[PDB]
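In PDB author numbering, the protein residues as written are 1 to 330. Ideal Cβ positions, reconstructed from N, Cα and C, are used throughout, including at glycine. Scroll down for the structure; my scribbles are underneath it.
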């Protein structure tokens with residue numbers, strides 16, 4: 001089997017992407033944030049504290065003839081941005097772009113933190129990291145991809161995120177029309193549960209490529225590109241007036257600037273992030289200070305190849321017995 005679904009930016013900045021997902025019988029369609037940095041499929045639901053729902057579409061398990069309470073199971077998750085959610089668990093039928101999994105753990109939120117409430121466009125998350133990170137207790141649950149893998153034509157999914165435009169998540173096949181040149185594959189460590197890999201270096205604008213190993217994670221659920229402070233300083237030093245602002249929480253730059261591109265290495269190959277992809281717009285409405293899309297990871301503990309980087313590429317998440325990542329230009 002295969003599946004193919006369009007993923008759409010939630011706003012004019014590409015802060016996140018939502019993909020429609022059918023849950024239950026009859027189908028209830030929710031728009032979920034596909035997140036290769038986590039491993040829980042959780043939804044706003046009829047069980048979510050009413051004051052914490054503000055415009056999201058909810059899953060109502062009592063209206064699904066295929067929903068079954070996973071008795072005793074609870075979940076609770078905290079994300080790198082400080083947001084969180086928790087609740088109980090049903091199993092139900094879940095379909096993405098025509099690919100159907102029966103018995104998928106659907107984690108029903110009883111509580112969500114304010115950032116989720118405040119984002120009316122995201123009805124939940126669909127985790128695509130390794131199932132070892134799934135938070136369901138006492139019986140850890142598998143991701144949608146893990147459950148689907150055996151049925152897929154090939155044990156892969158691909159992320160093709162758009163810049164200010166829709167893109168595609170495919171399951172079970174590699175669309176050879178969706179990228180240019182060849183796909184370069186690189187090793188993955190699953191030791192932390194992430195799609196963790198080592199970039200071979202970087203370049204700023206037309207500058208020379210610096211060969212240096214940068215370990216990080218391919219994370220569709222993180223907006224920006226988070227890299228070591230040395231690398232980020234070298235990038236922003238090429239932008240007149242750019243500075244790190246403790247009050248804003250990162251590098252800002254004059255909105256009048258034209259940003260240089262940023263290149264990252266995948267083996268001997270190179271992925272170029274156009275400068276425009278690094279512009280996240282005014283820090284507050286009407287400001288002439290703009291927020292940068294490349295930020296330091298120094299306070300995180302891990303480097304994160306988030307959407308800023310991934311949307312410059314066609315990305316293969318290869319879930320073969322030894323997982324690997326593939327990147328192609330597009």
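Query raised in the report: Assuming residue 222 and residue 24 make a contact with CB atoms under 8 Å, what is their CB distance in whole Å?
Result: About 29 Å separates the two Cβ atoms, so there is no contact after all.
Requested in this report: Evaluate residue 125 with the Cβ neighbour count: other Cβ atoms within 10 Å of its Cβ, from every protein chain shown; 16 or more gives buried, anything less gives exposed.
Outcome: buried
Requested in this report: Under 7 Å Cβ to Cβ from residue 48, same chain only, skipping five residues before and after it: list those, please.
Outcome: Cβ within range, chain order: 58, 109, 110 and 112.
Query raised in the report: Alpha carbon to alpha carbon, what distance is there between residue 240 and residue 288?
Result: Straight across, the Cα-Cα distance linking residue 288 with residue 240 is about 14 Å.
Report task. Tell me the start and end of each unbroken beta strand (DSSP E) in the stretch 83-116 that is at least 3 residues and wholly inside, in chain order. Result -> 84-96 and 99-112
Requested in this report: Return the CA-CA distance between residue 193 and residue 45, expressed in angstroms with no decimal places.
Outcome: Each residue's alpha carbon lies about 27 Å from the other.
Query raised in the report: Are the stretch 290-301 and the stretch 242-255 in contact at 8 Å, needing three or more beta carbon pairs?
Result: yes
Query raised in the report: By how many angstroms is the C-alpha of residue 185 removed from the C-alpha of residue 325?
Result: 5 Å
Query raised in the report: In terms of residue numbering, what span does the beta strand (DSSP E) encompassing residue 130 cover?
Result: Segment: none, residue 130 is in no beta strand (DSSP E) and carries neither H nor E.
Report task. May I ask which residues mark the beginning and end of the alpha helix (DSSP H) holding residue 229? Result -> 229-236
Query raised in the report: Does DSSP put residue 225 in a helix, a strand or coil?
Result: strand
Query - Alpha-carbon to alpha-carbon, residue 40 and residue 3 - result: The C-alpha of residue 3 lies about 19 Å from the C-alpha of residue 40.
Report task. Measure the C-alpha to C-alpha separation of residue 281 and residue 307 and round it to an integer number of angstroms. Result -> Distance between the alpha carbons of residue 281 and residue 307: 16 Å.
Query raised in the report: Which one of 82, 12, 327 and 150 has the shortest CA to CA distance from residue 402?
Result: Nothing can be reported for residue 402: it is not among the residues displayed for the chain, which extend from 1 to 330.
Query raised in the report: Does the Cβ-Cβ distance between residue 303 and residue 167 come in under 8 Å?
Result: Result no, Cβ atoms of residue 303 and residue 167 do not sit closer than 8 Å.
Query raised in the report: Within the chosen definition, does the stretch 60-77 reach the stretch 126-137 through at least 3 CB pairs nearer than 8 Å?
Result: yes
**Report entry** Rounded Cβ spacing between residue 262 and residue 204 (contact assumed at less than 8 Å)
**Finding:** 6 Å
**Report entry** Spatially closest choice to residue 107 from 97, 140 and 170, by CA coordinates
**Finding:** 140
**Report entry** Member of 34, 27, 86 and 35 whose CA lies at the smallest distance from the CA of residue 61
**Finding:** 27
Query raised in the report: Thinking C-alpha only, which one of 114, 101, 34 and 68 is nearest residue 50?
Result: 114
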